[PDB]
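As structure tokens, the structure follows; a few thoughts come after it.
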Amino acid sequence: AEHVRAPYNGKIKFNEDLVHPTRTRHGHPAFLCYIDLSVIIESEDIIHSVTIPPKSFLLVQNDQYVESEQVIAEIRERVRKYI
Amino acid sequence: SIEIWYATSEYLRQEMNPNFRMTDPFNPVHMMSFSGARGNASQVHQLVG
Amino acid sequence: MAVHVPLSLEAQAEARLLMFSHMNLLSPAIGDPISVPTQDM
Amino acid sequence: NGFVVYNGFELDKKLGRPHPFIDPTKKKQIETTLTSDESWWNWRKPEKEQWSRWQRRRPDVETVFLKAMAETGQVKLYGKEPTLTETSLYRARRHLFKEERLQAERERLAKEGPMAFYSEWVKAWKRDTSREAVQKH
Amino acid sequence: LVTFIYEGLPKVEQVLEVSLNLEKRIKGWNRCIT
Amino acid sequence: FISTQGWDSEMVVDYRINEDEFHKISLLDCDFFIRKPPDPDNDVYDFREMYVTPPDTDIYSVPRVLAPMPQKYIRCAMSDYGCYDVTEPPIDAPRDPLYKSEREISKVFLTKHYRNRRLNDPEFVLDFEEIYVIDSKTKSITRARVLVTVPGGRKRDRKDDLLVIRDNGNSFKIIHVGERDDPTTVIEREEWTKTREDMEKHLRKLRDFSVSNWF
Amino acid sequence: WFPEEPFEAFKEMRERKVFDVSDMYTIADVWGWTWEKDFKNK
């Protein structure tokens, strides 16, 4: 797997109606992306775009504030557990 | 727990060489492994990552 | 550590002409050089 | 024909003089972001600050030298304390600033002469050490 | 309380001492080519 | 003989020219032919008839002309523009060379002699206002757009001016010979500009970049 | 992978020069044994 990280600080912008809600293997809510979604980060100087390829998890929300180098998306034996 | 820390460790190792190449090209630890004289990135990652 | 001294002239010829460290500069596996400088060199 | 023709910031940036990485005039806020009521649980800020063991900046040589150079005016920083970006940049160019300081000491020795210069390390010496005093003696 | 279920050198030795696709082709060729 | 002026920009011609009535100019991707009126110095060009060929071939076609061309004969000095391809070829045969050094010409400059004076004329100077550029990649010929910064205008001492060529043979500036840059300065300017951009790109992803200074 | 189908595998054997009809001969036909076809398949 490959992790997409934010190249700048700023505000995430995308249309949440273009993606499908899901629960990740870590128990978090997220979005499933089956298209070439365009995600915008508006930083302190300029506005920058990150292309989200299909079959990828979008871990952030629209209008969320992200920090640089923070994971924002993920491009994508039987064990017994005792509690 | 496993996946967040593995990804963090792997990201530190990936960023290790560009930090040396850009900010301390003649660092002694970098010169030993980067030139191929002795040591690899994994062993260096254990020291500084 | 083992040191062997060839006795016969046939054995001395083989040691000088086949086993010396300068006619064996290439490894037989892929043809790479054997004595590339390493470490402090 | 038509083939022969006869004839602050962004100047600091062109010359390499100290300047903000981002032009303050061409700098904008980041509007308003989710306020923990429009956010999922995993992206909400904790109500109380959490102890970390990484909550303090790591001390280093670069931070100390940059502050000392900021007080002599050799460089200018964005704020009172150097950032991690500024210490990284100092690490790359630190030999240039040291060479400037060494050159200034060479020029000062050539100006004052050996007596005035080296009297910094002879405390017991009380005679006037100026060039004119040396000549007069 | 609860039980969950969730998901080199020896390889060379195995090959040299003797693939599913190889075994089906040899069986297939054996029973038809004659 | 033939006026190719106003002809097709890439179509082949039916005949094979007599190559000794032409200047042959060899570039990386073409041979350029310009008619040569007879002259003892062999530096007079007749631009009314020009051809272009693939290298070492005798199949001629009219080149693309991107500027008005001189109508009468003019005397020009020729110089080539390009790079050295210094390689280390594989060593197959015994004593195969350790390196191969070849010159790759991408552009040719034809600089007019001022008032068409000869090289051995004691008043010889170059006329940097009239330069013609042959480009190997596009098989075309054009006139250079030259910017004059020397004070004096059209009537000036041409012995004092220096031509500076930059940007892959696309920018032409005439300066005074006293404003000449040291070769070290030229090289160091290019390195400073490149490393300054690369460093900022490296530092951009640090989250405190927006509140930090260059120094 | 050679094709699992037999006649396809025969074709691939000829294309990769593993085996061709020039290799199909017996002692009877290269030593001129014209009489042996009379003693077989009867």
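So the sequence lines, in the order shown, correspond to chains A, B, C, D, E, F and G. Using our numbering, read the first sequence as starting at 676 and increasing by one per residue. Using our numbering, read the second sequence as starting at 182 and increasing by one per residue. Using our numbering, read the third sequence as starting at 169 and increasing by one per residue. Using our numbering, read the fourth sequence as starting at 147 and increasing by one per residue. Using our numbering, read the fifth sequence as starting at 541 and increasing by one per residue. Using our numbering, read the sixth sequence as starting at -6 and increasing by one per residue. Using our numbering, read the seventh sequence as starting at -6 and increasing by one per residue. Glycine included, each C-beta is placed from N, C-alpha and C at the ideal position.
Proximity test, Cβ basis, 9 angstroms: residue i and chain D
i	result
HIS723 (chain A)	no
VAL139 (chain F)	yes
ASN684 (chain A)	yes
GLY146 (chain F)	yes
Within chain B, the residues that residue i reaches when beta carbons sit closer than 8 angstroms
i	result
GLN207 (chain C)	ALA218 and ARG219
Interface flag, residue i vs chain E, CB-CB below 9 angstroms
i	result
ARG753 (chain A)	yes
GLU29 (chain G)	no
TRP26 (chain G)	no
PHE(-5) (chain G)	yes
Residues that residue i contacts on chain F, provided the C-beta gap is smaller than 8 angstroms
i	result
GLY225 (chain D)	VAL204
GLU232 (chain D)	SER205, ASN206 and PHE208
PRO164 (chain D)	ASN206, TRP207 and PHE208
Under 7 angstroms from the C-beta of residue i: neighbouring residues of chain B
i	result
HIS678 (chain A)	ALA188
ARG237 (chain D)	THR204 and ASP205
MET192 (chain F)	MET203
When the options are compared against residue i, the one with the closest alpha-carbon
i	options	result
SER99 (chain F)	F:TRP0, F:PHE208, F:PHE25 and F:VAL6	F:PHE25
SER731 (chain A)	A:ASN737, A:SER743 and A:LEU712	A:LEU712
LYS222 (chain D)	D:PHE155, D:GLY148 and D:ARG163	D:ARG163
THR178 (chain D)	A:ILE758, A:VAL746 and A:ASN737	A:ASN737
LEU112 (chain F)	F:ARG68, F:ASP7 and F:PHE15	F:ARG68
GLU677 (chain A)	A:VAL735, A:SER743 and A:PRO728	A:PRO728
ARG149 (chain F)	F:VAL157, F:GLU122 and F:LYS65	F:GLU122
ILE134 (chain F)	F:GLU12, F:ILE27, F:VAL6 and F:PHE(-6)	F:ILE27
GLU184 (chain D)	A:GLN739, A:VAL746 and A:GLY685	A:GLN739
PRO61 (chain F)	F:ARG159, F:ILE180, F:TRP185 and F:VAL126	F:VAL126
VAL6 (chain F)	F:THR131, F:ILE18, F:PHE165 and F:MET43	F:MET43
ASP208 (chain C)	B:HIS226, B:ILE183 and B:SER214	B:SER214
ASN11 (chain F)	F:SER19, F:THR188, F:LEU20 and F:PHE(-6)	F:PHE(-6)
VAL725 (chain A)	A:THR697, A:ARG755, A:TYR757 and A:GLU749	A:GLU749
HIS165 (chain D)	D:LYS174, D:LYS173, D:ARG204 and D:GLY154	D:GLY154
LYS198 (chain F)	D:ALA250, D:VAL207 and D:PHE167	D:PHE167
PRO682 (chain A)	A:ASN690, A:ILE710, A:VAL714 and A:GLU752	A:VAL714
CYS708 (chain A)	A:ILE687, A:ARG751 and A:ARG700	A:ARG751
Chain B contact for residue i (CB, 9 angstroms cutoff)
i	result
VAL741 (chain A)	no
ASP201 (chain F)	no
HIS106 (chain F)	no
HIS703 (chain A)	no
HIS16 (chain F)	no
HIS195 (chain F)	yes
Listed by chain order, chain E residues near residue i by CB distance under 9 angstroms
i	result
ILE758 (chain A)	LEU541, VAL542, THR543 and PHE544
Opening and closing residue of the alpha helix (DSSP H) in which residue i lies
i	result
residue 258 (chain B)	Since the first residue shown for chain B is 182 and the last is 230, residue 258 (chain B) is missing from the structure and cannot be characterised.
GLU208 (chain D)	207 to 218
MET6 (chain G)	-1 to 8
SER190 (chain B)	183 to 204
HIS678 (chain A)	No alpha helix (DSSP H) contains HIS678 (chain A), which is instead part of the beta strand (DSSP E) from 677 to 680.
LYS551 (chain E)	549 to 557
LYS567 (chain E)	560 to 573
Enclosing beta strand (DSSP E) for residue i [first to last residue]
i	result
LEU199 (chain F)	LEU199 (chain F) -> no beta strand (DSSP E), and no H or E assigned at all.
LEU707 (chain A)	704 to 708
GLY75 (chain F)	67 to 80
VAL754 (chain A)	754 to 757
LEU103 (chain F)	93 to 106
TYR38 (chain F)	37 to 46
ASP31 (chain G)	Taken as a continuous stretch (DSSP letters only), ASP31 (chain G) belongs to no beta strand (DSSP E), as it is neither H nor E.
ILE(-5) (chain F)	Here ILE(-5) (chain F) belongs to no beta strand (DSSP E), and DSSP marks it neither H nor E.
Residues that residue i contacts on chain A, provided the C-beta gap is smaller than 9 angstroms
i	result
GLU193 (chain D)	Here the premise fails: no neighbours, minimum Cβ distance about 18 angstroms.
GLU177 (chain D)	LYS686, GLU717 and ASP738
Chain-ordered chain D contacts of residue i [CB-CB under 7 angstroms]
i	result
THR177 (chain F)	By Cβ distance, chain D contributes nothing, its closest Cβ being about 17 angstroms from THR177 (chain F), past 7 angstroms.
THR142 (chain F)	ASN153
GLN736 (chain A)	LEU180, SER185, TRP186 and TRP189
Min CB distance residue i to chain H below 9 angstroms
i	result
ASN200 (chain B)	Absent from the structure is chain H; the protein chains it does hold are A, B, C, D, E, F and G.
Within chain D, the residues that residue i reaches when beta carbons sit closer than 9 angstroms
i	result
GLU122 (chain F)	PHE149 and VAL150
Residue i at chain A interface by Cβ criterion, 9 angstroms
i	result
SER198 (chain D)	no
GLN201 (chain D)	no
Residues that residue i contacts on chain A, provided the C-beta gap is smaller than 7 angstroms
i	result
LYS174 (chain D)	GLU719
Residues that residue i contacts on chain F, provided the C-beta gap is smaller than 9 angstroms
i	result
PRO170 (chain D)	The contacting residues do not exist; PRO170 (chain D) stays about 10 angstroms from chain F at best.
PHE263 (chain D)	The premise fails here: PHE263 (chain D) is roughly 29 angstroms from chain F at the closest Cβ pair, so nothing lies under 9 angstroms.
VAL221 (chain D)	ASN206 and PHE208
Under 8 angstroms by beta carbon: chain D residues contacting residue i
i	result
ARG159 (chain F)	Ordered by position in chain D, no residue passes the 8 angstroms Cβ test against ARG159 (chain F), which lies about 16 angstroms from the chain.
Checklist entry - What runs of the beta strand (DSSP E), each 3 residues or longer, lie entirely inside the segment 119 to 184 of chain F? => result 119 to 128, 133 to 136, 139 to 141, 154 to 159 and 164 to 169
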